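Protein sequence lines correspond, in order, to chains A and B.
Following UniProt numbering, the numbering of the first sequence begins with 1 at its first residue and continues without gaps.
Following UniProt numbering, the numbering of the second sequence begins with 1 at its first residue and continues without gaps.
C-beta: ideal position from N, C-alpha, C; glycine also.
There are 2 protein chains.
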Amino acid sequence: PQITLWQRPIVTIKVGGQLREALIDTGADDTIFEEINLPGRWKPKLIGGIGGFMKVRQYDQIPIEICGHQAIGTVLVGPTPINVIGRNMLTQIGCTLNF
Amino acid sequence: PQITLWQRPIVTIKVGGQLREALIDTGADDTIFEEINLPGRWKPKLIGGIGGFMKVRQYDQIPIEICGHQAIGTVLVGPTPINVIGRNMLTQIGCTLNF
Ligand SMILES: CC(C)CN(C[C@@H](O)[C@H](Cc1ccccc1)NC(=O)O[C@H]1CO[C@H]2OCC[C@H]21)S(=O)(=O)c1ccc(N)cc1
Numbered sequence: 001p002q003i004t005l006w007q008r009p010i011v012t013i014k015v016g017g018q019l020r021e022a023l024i025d026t027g028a029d030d031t032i033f034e035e036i037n038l039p040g041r042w043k044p045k046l047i048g049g050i051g052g053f054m055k056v057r058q059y060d061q062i063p064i065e066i067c068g069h070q071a072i073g074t075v076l077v078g079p080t081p082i083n084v085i086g087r088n089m090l091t092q093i094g095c096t097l098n099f
Numbered sequence: 001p002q003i004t005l006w007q008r009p010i011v012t013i014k015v016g017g018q019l020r021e022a023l024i025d026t027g028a029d030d031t032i033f034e035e036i037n038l039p040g041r042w043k044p045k046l047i048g049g050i051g052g053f054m055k056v057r058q059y060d061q062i063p064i065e066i067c068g069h070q071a072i073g074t075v076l077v078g079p080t081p082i083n084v085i086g087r088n089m090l091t092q093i094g095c096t097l098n099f
């Protein structure tokens, strides 16, 4: 779809068999979820944002459905205040900015 | 223009008579710059992101030019690792997401 920005651009996700909502976030390189339970191996990773850094688990090659569109990629798990879909996934679903 | 997301969506800004680059950030409610010098009164404000919170100065009714488009609104000043154009300004320039 087209999404305007009068409200936070939140969409419905399916990831690791679980349903979540997440913010379409063009300012995020990476995709990060709080409180999902993903299978298999992971590596610790530190991420930097406003306010400092955060420790996350990095999972690779994770399938995700983003507003009905399929992608696969890295998903970070850690204490984000809101789940975010970043550019690593947005490029796969053909998401663009327009003005 | 249309901007794809294979690279960070960075654009050229003019704000407070100064030139900067900033990230088009749909995941930011607010617009925040590091190291600009804005005129007049301001209020302290705390902002939350990944990694915790940040103290900023809030300036109201600040003109900005974003990739050649005019807007006016709140601009936060504080130690962000990258300057960000948030939804408060993006709505004024007619920015949308599309996929
Ligand atoms: C829902 C939040 C994440 C909103 N953030 C905007 C977000 O786009 C920024 C944009 C941004 C970019 C770099 C540094 C700080 C913030 N942050 C971000 O943390 O991305 C992180 C996830 O992937 C990595 O790639 C970029 C940093 C990592 S925020 O910077 O904390 C923020 C929150 C409120 C306002 N008004 C302005 C900015």
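Taking the Cβ atom as the reference point for each residue, do residue 3/A and residue 83/A lie within a distance shorter than 9 Å?
The sequence position of residue 3/A within the first sequence is 3, counting from 1. The sequence position of residue 83/A within the first sequence is 83, counting from 1. Contact flag unset, no.
Answer yes if the region 15 to 29 of chain B comes into contact with the region 29 to 47 of chain A, meaning at least three C-beta pairs across the two stretches below 8 Å, and no otherwise.
no
If I measure Cβ to Cβ from residue 56/B and keep anything under 7 Å in the same chain, skipping five residues before and after, which residues do I get?
To locate residue 56/B, count along the second sequence from 1; it is residue 56. Excluding sequence neighbours, residue 56/B sits near 32, 45, 47, 76, 77 and 78.
Counting only C-beta atoms, is residue 72/B closer than 9 Å to chain A at any point?
By 1-based counting over the second sequence, the position of residue 72/B is 72. False, the Cβ-Cβ gap to chain A never drops below 9 Å.
Contact list for the region 14 to 27 of chain B against chain A, Cβ threshold 7 Å:
23, 24, 25, 26 and 27
Just mark residue 68/B as buried or exposed, buried being the case when its beta carbon has 16 or more other beta carbons within 10 Å.
Working through the second sequence from its first residue, we reach residue 68/B at position 68. Classification for residue 68/B: exposed.
Over the uninterrupted alpha helix (DSSP H) stretch that includes residue 87/B, give me the two end residues.
On the second sequence, residue 87/B is found 87 positions in, with the first residue counted as 1. Run containing residue 87/B: 87 to 90, per the alpha helix (DSSP H) assignment.
For residue 42/A and chain B, any beta-carbon pair shorter than 9 Å?
If you number the first sequence from 1, residue 42/A lands on position 42. It does not: the Cβ of residue 42/A has no partner Cβ on chain B nearer than 9 Å.
Report the neighbours of residue 84/B on chain A: residues whose CB is nearer than 9 Å to its CB, in chain order.
Position 84 of the second sequence holds residue 84/B. Correct list: 27 and 50.
Alpha carbon to alpha carbon, how far is residue 43/B from residue 53/A?
Here residue 43/B refers to the residue found at position 43 of the second sequence. Here residue 53/A refers to the residue found at position 53 of the first sequence. Each residue's Cα considered, the two are about 26 Å apart.
Using CA coordinates, which residue listed in 85/B, 16/B and 89/B is at the minimum distance from residue 100/B?
Within the shown structure, residues of chain B are numbered from 1 to 99, placing residue 100/B beyond reach of any answer.
Residue 5/B and residue 91/A - do their beta-carbons sit closer together than 9 Å?
Taking the first sequence and counting its residues from 1, one reaches residue 91/A at position 91. Taking the second sequence and counting its residues from 1, one reaches residue 5/B at position 5. Cβ atoms of residue 91/A and residue 5/B: closer than 9 Å.
Which value, in whole angstroms, describes the spacing of the CA atoms of residue 102/A and residue 20/B?
Chain A is shown only over 1 to 99; residue 102/A falls outside these bounds and no answer can be derived.
In its own chain, which residues sit with a C-beta less than 6 Å from the C-beta of residue 60/B, not counting the 5 before and 5 after it?
By one-based count along the second sequence, residue 60/B stands at place 60. Around residue 60/B: 74.
For chain A, is any of its Cβ atoms less than 9 Å away from the one on residue 1/B?
For the purposes of this step, residue 1/B is taken as the residue at position 1 of the second sequence. For residue 1/B, the answer is yes, since a Cβ of chain A falls inside 9 Å of its Cβ.
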